[PDB]
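Listed next as structure tokens is one chain, alone, in the form deposited in one PDB entry.
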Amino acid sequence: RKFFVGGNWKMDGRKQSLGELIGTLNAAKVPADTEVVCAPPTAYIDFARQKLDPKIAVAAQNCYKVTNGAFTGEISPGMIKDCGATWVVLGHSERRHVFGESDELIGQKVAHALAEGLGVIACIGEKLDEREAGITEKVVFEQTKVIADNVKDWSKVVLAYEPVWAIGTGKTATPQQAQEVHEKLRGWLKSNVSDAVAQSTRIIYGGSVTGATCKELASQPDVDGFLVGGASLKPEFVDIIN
């Protein structure tokens, strides 16, 4: 499986700050066995695609489902494609847990984005209370199932496990924990979909990853990459890529 690194550029964006990042990425080495995706704020997808080296892909942070009037609402897959992005991030923790996007809405979005010919980074994760309460497997699995129900071809899908307790709470993950949760994901895919799908499908980690903690996580047999939050905005993002 090709190693997969995504950068979730959640920020109060500017052409100057974004430009600097891009210049840095453009000058950076992308290892040959690696696929890199950057997701700017929506206003900057076009700008980013224009400045970024084609070696690096662009993702939208979100999209809407089949549109129903209401254009002031979210960017459509058509727009995302039009602006030259080839991926979308869906079910990201912030959308799930701050903005209240439903499991069903996410599944609908995945289906729509895929139909419109985008790649999908589909995000799942348990909350802390859930972690402690021994319902992590049940929670991620149900989340995955709804995403899975909306995927015909997995070739353009990447799963991102984001244990929420790894944003905004006081607890930390380890290469061990990542493997456990990650290993289980593949098993669900193997029984539920296919062994071929389970083998080829990248499962990336989205807990808070830093240049400090990236290498051990990468070494795990079932961690195929990262969905990076704050670190994506830093020079250490390059270290993460490598």
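Residue positions are given as counts along the sequence shown, with the first one as 1.
Omitted here: the form deposited with a small molecule bound. The next part is about that form.
- The partner is not drawn, yet in the entry with it bound one stretch among 75 to 83, 108 to 116, 92 to 100, 149 to 157 has residues with heavy atoms inside 4.5 Å of the small molecule: 92 to 100.
- Although the partner is absent from this view, residue 139 stays clear of the small molecule in the entry with it bound, with no non-hydrogen atom inside 4.5 angstroms.
- In the entry with it bound, no heavy atom of residue 131 sits within 4.5 Å of the small molecule.
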